[PDB]
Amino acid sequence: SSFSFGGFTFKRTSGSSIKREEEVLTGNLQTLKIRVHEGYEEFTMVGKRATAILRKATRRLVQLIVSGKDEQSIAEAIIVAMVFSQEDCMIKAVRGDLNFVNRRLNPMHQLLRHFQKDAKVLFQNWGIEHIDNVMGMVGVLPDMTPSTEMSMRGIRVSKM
């Protein structure tokens, strides 16, 4: 049971979820109704220029291991994973002048379209964490600089 989202083919490799229609608040205090997936799941994300392993719980990204052609491809996959995770810090990153969702249309696609234009606020607001040894995997900073000390929460970059 494969599906498509933001240019990526997702395939659930483990777990399951049930859905619940829920109301969430953006950074502009706008209410959006989203279909929340409850449960722990593991996916493969296959795109034309990046691939990834995503592990998520209800509105929480546990870990994302990304591989890709370059910084832009990888960032593109990171944006989709973050939006897909349904995390509240991703929702709270929708803010400021003109940044309102036009509310039958799917709000997940609307959130994606919003962050694809500029993921600067999404990437800042996400948070950063210290990393462990794990080699062949590097941390990535909000501005896409690689680091061996720190990375955005749960985000790891693997070599192609």
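In this text, residue numbers run from 1 along the sequence as written.
Pick one of none, 1 to 3, 4 to 9 or 10 or more for the number of deposited-sequence residues not modelled between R103 and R104. Going from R103 to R104, the model skips 1 to 3 residues of the deposited sequence.
So which stretch wins on mean C-alpha B-factor, 17-25 or 144-152? Per the PDB entry, the higher value belongs to 144-152.
Averaging C-alpha B-factors over each stretch, which comes out higher, 127-135 or 47-55? In the deposited entry, the stretch with the higher C-alpha B-factor mean is 127-135.
Can you tell me which of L111, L98, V36, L32 has the maximum CA B-factor listed in the PDB entry? Among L111, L98, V36, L32, the PDB entry lists the largest C-alpha B-factor for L98.
Chain-wide C-alpha B factor ranking for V62, given as lowest, middle or highest third: CA B-factor rank for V62: highest third.
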